[PDB]
RNA sequence: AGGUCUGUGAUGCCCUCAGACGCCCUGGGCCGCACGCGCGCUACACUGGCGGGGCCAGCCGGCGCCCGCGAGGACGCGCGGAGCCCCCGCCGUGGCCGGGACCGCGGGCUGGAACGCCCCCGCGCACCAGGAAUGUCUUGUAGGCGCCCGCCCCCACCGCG
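Residue numbers (the deposited numbering), protein chains in the order written: chain P, 15 to 67, 74 to 128; chain Z, 14 to 86; chain U, 21 to 123; chain d, 46 to 79, 87 to 137; chain S, 1 to 143; chain Q, 1 to 158; chain T, 22 to 158.
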């Protein structure tokens with residue numbers, strides 16, 4: 015497919031910052047202005063090490085998806101268990117809160 | 014339920030819309046709407062045309078309501 | 021010599037603030053000071069539930085604090101630095117009536 | 046861990062230097078000057101509390117009191133508040 | 001205006017974008033009958049077309065009907081801003097477009113398709129029919 | 001925006017001082033939160049509100065309500081003199097009534113023979129008493145039982 | 022003077038004079054705006070810009086030597102927001118149009134700036150009075 | 001034996017007391033929904049809706065210039081008040097321009113962090129005065145209209161005025 019005009023194959027290797035001006039307001043603010051904390055960066059670096067050379077579990081539910089985090093495998097915490105999540109290009113620009121459900125649907 | 018137009022065809026702007034009111038003495042937009050079963054805007058236009066002619070005169074004017082009198086008799 | 025001075029007075033009771041005034045003005049007739057400018061009253065207001073818990077009918081307390089202010093700034097040239105103390109001593113000091121001075 | 050470091054592109058993205066807008070509320074100087089120490093209380097947030105009974109619920113910040121409502125009807129007479137009208 | 005009698009070409013019922021429109025209502029309000037159009041968009045559309053806005057819709061000649069159509073499939077190039085469009089940054093194109101009746105169904109239906117496979121929290125609630133926003137539901141909206 | 005008790009108003013510092021000394025008379029009218037200040041002098045029959053003539057006022061419907069004292073009293077007197085009222089306070093109608101009260105008192109303060117003043121007072125009060133005497137009633141406070149002065153929050157017994 | 026005539030006649034007459042004299046010109050953005058978040062749809066008339074300008078200059082004349090800022094003009098053209106299943110509330114107008122009008126008037130020297138805001142200049146008073154007497158009869 | 005040991009260096013008697021019910025950190029919940037009702041808000045339209053203009057309050061109270069449709073933002077100084085209403089016009093009995101719930105792109109603010117809140121375009125649910133039952137009210141009162149404070153990092157259909 016295409017990602018705001020950018021194709022998937024080349025979407026990989028993209029510098030988050032170069033693709034940055036083609037994203038929504040939340041990511042623009044958080045990245046270009048706010049910045050980011052050390053823990054998130056260490057998470058990124060651990061991800062990079064794992065890619066270059074096991075499910076990398078985490079508590080972060082406010083970490084945005086970098087394009088280089090594609091085809092990655094990861095688990096995330098809801099409060100009681102770790103929830104694996106598979107990534108895809110349309111998944112980019114979004115926080116992991118959406119992809120790890122914190123509860124179950126209600127059936128009487 | 015009830016449908017009313019907003020645009021005469023040729024002759025209805027004479028056979029009734031005018032020929033039938035000129036006999037009246039006092040008239041009003043909603044009265045002429047309920048009489049000729051046509052929406053009010055057309056009535057406004059026609060009354061403007063008539064005051065242009067001079068047959069009727071305004072006695073009380075206002076955005077909510079204006080009414081006329083038949084001077085021609 | 022001449023400095024253009026101001027006197028502030030603050031209080032929560034109307035009687036002392038109206039008694040300090042008479043003394044000070046009576047004392048300053050010679051130096052050229054003149055009466056006050058009674059300022060707008062500052063109304064502190066608090067509404068609180070009359071109960072430590074939610075129960076029964078909902079009844080409210082209505083506390084308030086009035087603060088009164090009188091300002092004589094009419095000393096100025098009529099009073100020099102040293103002579104100001106002459107006026108702040110003969111008056112009857114009251115335990116609660118802060119009076120501040122500033123040119 | 047005093048010698049570790051990351052790619053610079055991963056270091057230009059750190060947070061805004063302008064410290065934080067989450068300082069604790071201190072009424073006077075007596076409170077503070079500003087291993088486990090690394091994380092004992094790093095969660096810096098407001099903790100304004102009744103200067104009488106030390107409670108974080110129902111504190112009147114109006115006029116700079118910081119007095120609970122239940123810890124207030126008792127001392128209102130001393131402070132100067134009077135119940136009229 | 002000042003139009004009493006009907007134009008010889010006055011058309012009593014008009015058909016556009018597979019939708020049918022009456023010829024006695026004013027133009028700017030009639031066009032609201034379509035999906036993807038409203039009052040704000042319409043005036044900004046007619047006006048660029050050098051069309052009058054207070055004329056009964058049925059008396060719209062044929063020449064105006066096209067130019068009005070042209071500025072509606074080609075909004076941006078004709079000048080209208082990018083903040084007056086119902087689709088601002090497409091997911092695939094990255095463009096700013098204005099989509100209409102034939103498209104609303106597809107772009108919406110295709111949106112939810114993307115949310116089920118992505119497994120978002122929002123998509124599932126679109127399935128059992130809850131509230132996607134954070135509205136409370138304990139005591140409201142009882143079928 | 002204007003309170004009605006301001007020193008600038010009861011003195012009318014708006015007017016230039018040299019002319020200020022001509023307006024011998026002063027007057028007051030009110031209603032609710034509304035005040036009227038009439039500085040009056042000799043003239044040839046003119047009137048003004050906030051730099052506005054009397055006819056071109058906003059109560060196109062109550063213009064006669066403002067003009068009443070003129071018609072009930074006659075014209076020669078008012079033609080004799082001139083005014084320039086200023087008003088400040090809540091609402092439009094309140095201001096209308098304040099103004100008419102102020103006019104009545106000011107014109108009635110001009111005569112010098114108190115017998116004439118009494119006769120005119122009797123003539124005027126007969127038509128209405130509120131052209132001469134201020135209206136006392138005023139907004140009443142509200143209580144915590146409910147959302148109104150006298151009405152209460154609806155009570156459910158079950 | 023000017024206050025011895027109702028505003029409605031003066032405003033329209035002056036706006037017509039102004040449009041005839043090319044004193045001010047409608048920019049591009051005047052044809053897709055709604056004039057304030059409070060407003061619901063855009064204006065019907067095609068020459069509201071000139072009416073607004075006339076009203077604003079009359080407002081600058083009334084205040085005389087006193088100064089006005091733009092945001093103080095926006096609070097005299099406010100309205101009421103509706104359509105929110107919530108109690109209504111008041112909102113301020115937009116200030117881009119007002120800024121354009123005052124800047125254009127100042128460029129014509131009818132309007133001299135001060136320390137804060139702007140105030141009428143004697144030329145503007147001259148012109149306003151002249152037209153006022155022109156329409157007096 | 002109404003409520004409050006969950007307001008307190010107010011407290012009697014029991015139970016917790018080094019894998020702690022002590023204190024601190026990371027996430028989540030208190031907002032979850034086939035369902036019954038209590039206090040409110042918005043509406044069912046012509047005694048009206050929309051567009052432009054004119055214009056007056058009080059508890060009390062902070063403004064200029066420039067960008068941006070707007071929300072908001074960058075600079076720099078101490079200075080300041082609304083809705084109803086009135087006037088001119090469009091609509092013309094149609095679940096229609098009444099009503100704006102629901103939902104889909106987008107732009108911003110708060111904050112360490114949106115699940116929170118604003119603005120723009122589009123979509124446009126019921127609702128035609130509401131059964132058995134029932135509440136409040138006598139002058140500046142009922143009702144209608146809006147404006148400030150409380151808690152509050154953002155947020156008022158709430159409450160005191």
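Beta carbons: idealized from backbone N, C-alpha and C, even for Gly.
- For residue 27 (chain T), the chain Q residues whose Cβ falls inside 9 Å of its Cβ are 56, in order along the chain.
- Closer than 8 Å at the C-beta level to chain U, one finds these residues of the stretch 112–125 of chain d: 112, 114, 115, 121, 122, 124 and 125.
- Under the three-pair Cβ rule at 8 Å, the stretch 102–121 of chain P does not count as touching the stretch 97–112 of chain d.
- DSSP places residue 111 (chain T) within a strand segment (E or B) once states are collapsed to three.
- In the DSSP annotation of this structure, residue 84 (chain Z) is not part of any beta strand (DSSP E), being labelled neither H nor E.
- Here the stretch 54–65 of chain P makes contact with the stretch 82–92 of chain P; the two share three or more CB pairs at distances below 8 Å.
- Close partners of residue 71 (chain T) in chain S (Cβ separation under 9 Å) are lacking, with about 18 Å as the shortest Cβ gap.
- Under the three-state reduction of DSSP, residue 67 (chain U) is assigned to strand.
- Residue 93 (chain U) sits in coil when the DSSP states are folded into three classes, being neither helix nor strand.
- Residue-level contact by beta carbon holds for residue 59 (chain Z) and chain S, with a gap shorter than 9 Å.
- For residue 123 (chain T), the enclosing alpha helix (DSSP H) stretches over residues 117–128.
- In the DSSP secondary-structure assignment, residue 22 (chain S) is bridged to S:13.
- A distance of 9 Å or more separates the beta carbons of residue 32 (chain T) and residue 125 (chain T).
- In the structure shown, the three-state DSSP call for residue 21 (chain Z) is strand.
- Its Cα nearest to that of residue 87 (chain P), the residue P:31 stands out among P:31, P:44 and P:47.
- Residue state for residue 26 (chain U) is assigned as strand, using DSSP reduced to three classes.
- Residues of chain S with a Cβ closer than 7 Å to the Cβ of residue 52 (chain T) are, in chain order, 47.
- The stretch 110–120 of chain T makes no contact with the stretch 130–143 of chain Q: fewer than 3 CB pairs, one atom from each, lie closer than 8 Å.
- Looking only at T:58, T:70, T:34 and T:65, the smallest Cα-Cα distance to residue 49 (chain T) is reached by T:70.
- Selection P:100, P:26 and P:34 evaluated against residue 94 (chain S) yields P:34 as nearest (Cα-Cα).
- Under the 10 Å beta carbon count, residue 37 (chain U) is surrounded by 16 or more other beta carbons and is classified as buried.
- In this structure, the alpha-carbon of residue 148 (chain T) lies about 25 Å from that of residue 14 (chain Q).
- Shown here, residue 48 (chain U) sits in a helix according to DSSP, grouped into three states.
- Nearest CB-CB separation between residue 1 (chain S) and chain Z: below the 9 Å threshold.
- In terms of beta-carbon proximity, residue 131 (chain S) stays away from the interface with chain Z, with every pair separated by 9 Å or more.
- Around residue 72 (chain Q), the same chain offers 123, 124 and 127 as residues with beta carbons nearer than 8 Å, after the five sequence neighbours per side are excluded.
- Bounds of the beta strand (DSSP E) holding residue 133 (chain T) are 132–134.
- Among the residues facing chain d, residue 89 (chain P) is not included, as its CB has no counterpart in that chain under 9 Å away.
- One alpha carbon belongs to residue 43 (chain S), the other to residue 28 (chain S), and they sit about 6 Å apart.
- Between residue 36 (chain S) and residue 98 (chain S) a beta carbon distance of about 7 Å is seen, short of the 8 Å cut, so the two are scored as contacting.
- Judged by pairs of C-beta atoms under 8 Å, the stretch 65–85 of chain Z does not touch the stretch 70–82 of chain U, as fewer than three such pairs exist.
- For residue 53 (chain Q), a Cβ of chain T is located within less than 9 Å of the residue's own Cβ.
- Within the stretch 76–143 of chain Q, the runs of beta strand (DSSP E) at least 3 residues long that lie entirely inside it are, in chain order, 85–88.
- Contact check for residue 138 (chain Q) against residue 147 (chain Q) fails: the beta carbons are separated by 9 Å or more.
- Contact of residue 58 (chain P) with chain d by beta-carbon distance below 8 Å involves 55.
- When secondary structure is reduced to three states using DSSP, residue 70 (chain Q) falls in the helix class.
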